[PDB]
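> kindly return the folded structure for what I paste below:
(4 chains)
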Amino acid sequence: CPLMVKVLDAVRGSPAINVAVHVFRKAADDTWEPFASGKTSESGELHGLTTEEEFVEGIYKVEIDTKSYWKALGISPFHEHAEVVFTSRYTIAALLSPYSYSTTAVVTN
Amino acid sequence: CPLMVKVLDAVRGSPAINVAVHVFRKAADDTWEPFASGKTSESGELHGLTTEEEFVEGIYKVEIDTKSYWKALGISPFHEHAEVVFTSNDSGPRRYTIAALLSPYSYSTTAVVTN
Amino acid sequence: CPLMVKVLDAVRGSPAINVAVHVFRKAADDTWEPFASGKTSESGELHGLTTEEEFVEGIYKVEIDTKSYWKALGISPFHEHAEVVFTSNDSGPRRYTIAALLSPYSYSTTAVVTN
Amino acid sequence: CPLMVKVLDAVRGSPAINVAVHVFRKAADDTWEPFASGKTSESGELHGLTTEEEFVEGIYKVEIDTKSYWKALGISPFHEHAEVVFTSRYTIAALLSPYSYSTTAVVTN
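Numbering: from 1, shown residues only, chains lettered A, B, ... in the order given. Please find the structure below.
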């Protein structure tokens, strides 16, 4: 798999577990088409979203449902989600706080 | 002025100047409607985007054109832009500062919400 | 005033108020000598730490007491403090803003250096 | 090993390779005693710094030599190093830019 998503919780110092992640690809008609989705594991990682064959050149959006994550912990956060948009191994990492997030791409191989 | 945007450059240690910023509001048909826009100043700040009267409760998106900024500096970037999506909340008086710190392969955004 | 410190709270989305900040300068015997200190204001900013005349080229450490801040909010933190160590450089006129964004298990610090 | 250090480069979107890391422990006389050191690998990770037996309760400082890293890439950075100070699995992660860094602790098991 050429795409992995890793989510960390900066309040608890832990992986962010069971976070929903949705991936979209921009279609020829300029709309966002749903591409893949999943939930982070106990390690905060989401593997297997796609394959080398399916992950063609294009514009991709990774939407991380941070709001549901914080609300399940009792926290009303600022952001609706964390959005990562890029043109195409990619690791998309997100570090979450209730009123802040950071995202980093690590691109290897 | 209930909404300000501030952008910093983590490579040069400087305000990120002349960065395009677009604000959208989610419409009833679930599309994003352009709302306001501008360019960051020499202090990296964008003031005057909206008014207390216009900035009603709703879902907003602030799109920061980071890719064009890094292209102007000759540094290859990862992201097309930085997007900040939030629901505003008129429970008490509020001012929103959306702060973004930019690196070519990383950004962070923070909301500073004050009375 | 060539050196300012600004601290934000990523959990509450607010300036980090009443945070103790200590500045040190490296002495000839390689020890850290206290130089200046204060507490952040209601805007999360600490002004007036030093003067252009006092702030000569050297190695400085800015220590932000993040642990006491999180203890006051009742949130268990990881770090004892946030430390920012840098060499100042009087090649042209400069102002230094040391900005820190605090979470209980994470912080980021950025230098904004302007003419 | 109860302590791992991971360093990422936010300019290139890559692990930060061959970064020097020094660990100190505060002694009873209130001085910093050198505890362990190493260099990050091709994955940006530094494993094996210590053992469960050696990593007793105490105050630790992890000093990451970011200045040498940037200077080897032609960049004159702001910070002399990134310092992480904490009282005691710990993963200390640092994300580096020339005028900014972030550090996050991920504490598991």
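
> identify the residues contacting the spatially most central residue of chain A.
The residue lying closest to the centre of chain A (C-alpha atoms, centre = their mean) is residue A:64, at 4.3 Å. By C-beta atoms under 8 Å, 6 or more residues apart in numbering or on different chains, residue A:64 lies in contact with A:5, A:7, A:19-21, A:81-84, A:94. Every C-beta, even on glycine, is put in place using the N, C-alpha and C of the backbone.

> recalculate using a threshold of 6 Å.
A:21, A:81-82, A:94 (C-beta atoms under 6 Å, 6 or more residues apart in numbering or on different chains).

> what does chain A put close to chain D?
Within chain A, the positions near chain D by C-beta under 6 Å from any C-beta of the partner chain are A:13, A:95, A:104-107.

> looking at those, which has the most residues close by?
In terms of neighbours by other C-beta atoms under 10 Å in any protein chain shown, those top out with residue A:95 at 28 neighbours.

> hang on, the earlier thing: can you put the contacts of residue A:64 in TSV and add secondary structure and neighbour count?
Output for those, formatted as TSV (DSSP: H, G, I helix; E, B strand; the rest coil; neighbours: other C-beta atoms under 10 Å in any protein chain shown):
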residue	secondary structure	neighbour count
A:21	strand	22
A:81	strand	22
A:82	strand	26
A:94	strand	22
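
> related to what we said a few turns ago, name the nearest residue to the residue nearest to the centre of chain A, ignoring sequence neighbours.
residue A:82 (4.3 Å; C-beta to C-beta, 6 or more residues apart in numbering or on different chains).

> quick check: the one you found touching residue A:101?
Yes: contact criterion C-beta atoms under 6 Å: residue A:82 and residue A:101 qualify, at 4.9 Å.

> list residues touching both of those two?
Joint contacts of residue A:82 and residue A:101 (C-beta under 6 Å, 6+ apart) are residue A:94.

> ok, residue A:70 to chain C distance?
For residue A:70, the distance to chain C (C-beta to the nearest C-beta, to the nearest Å) stands at 10 Å.

> what's the answer for residue A:56, then?
Distance, residue A:56 to chain C, using C-beta to the nearest C-beta: 35 Å.

> burial count for that residue?
Residue A:56: 9 neighbours (other C-beta under 10 Å).

> just give me the neighbour total for the closest residue to it other than its chain neighbours.
When the adjacent residues along the chain are set aside, residue A:56 lies closest to residue A:88, with 7.6 Å between them (C-beta to C-beta, 6+ apart). Burial of residue A:88 is recorded as 13 neighbouring residues (other C-beta under 10 Å).

> do the same with residue A:28
7.

> does it count as helix, strand or coil?
For residue A:28, the assignment made with DSSP: H, G, I helix; E, B strand; the rest coil gives coil.

> quick one: residues contacting residue A:107.
A:90, D:13.

> backbone dihedrals for it, please?
phi -120, psi 120 (degrees, to the nearest 10).

> of the residues of chain A next to chain D, which pair is most distant in space?
The span of the residues of chain A next to chain D, defined through C-beta to C-beta, is set by A:13 and A:107 at 26.0 Å.

> the closest residue to residue A:18 other than its chain neighbours bridge partners, please.
Ranked by C-beta to C-beta, 6+ apart and with sequence neighbours excluded, the top spatial neighbour of residue A:18 is residue A:39, at 5.3 Å. Bridge pairing for residue A:39 (DSSP bridges) gives the partners residue A:20.

> cool, and residue A:97?
Taking DSSP bridges as the rule, residue A:97 bridges to residue A:100.

> before we move on, back to that, what's the neighbour count on the residue nearest to residue A:18?
With other C-beta under 10 Å as criterion, residue A:39 counts 11.

> what segments of chain A are strands?
Secondary structure of chain A by DSSP state E: the strands cover A:3-9, A:14-15, A:20-26, A:32-39, A:45-46, A:59-64, A:79-87, A:90-97, A:100-107.

> spell out which residues of chain A are next to chain C.
A:10-11, A:13, A:78, A:97-100.

> farthest pair in those?
Between all members of the residues of chain A next to chain C, the farthest pair (by C-beta to C-beta) comes out as A:13 and A:78, at 20.2 Å.

> am I right that residue A:20 is in contact with residue A:65?
Yes: proximity of residue A:20 to residue A:65 meets the contact threshold set by C-beta under 6 Å, at 3.9 Å.

> show me the contacts for residue A:23.
Counting by C-beta under 6 Å, 6+ apart, residue A:23 makes contact with A:35-36, A:49, A:62.

> same deal with residue A:81?
Counted by C-beta under 6 Å, 6+ apart, residue A:81 has contacts A:63-66.
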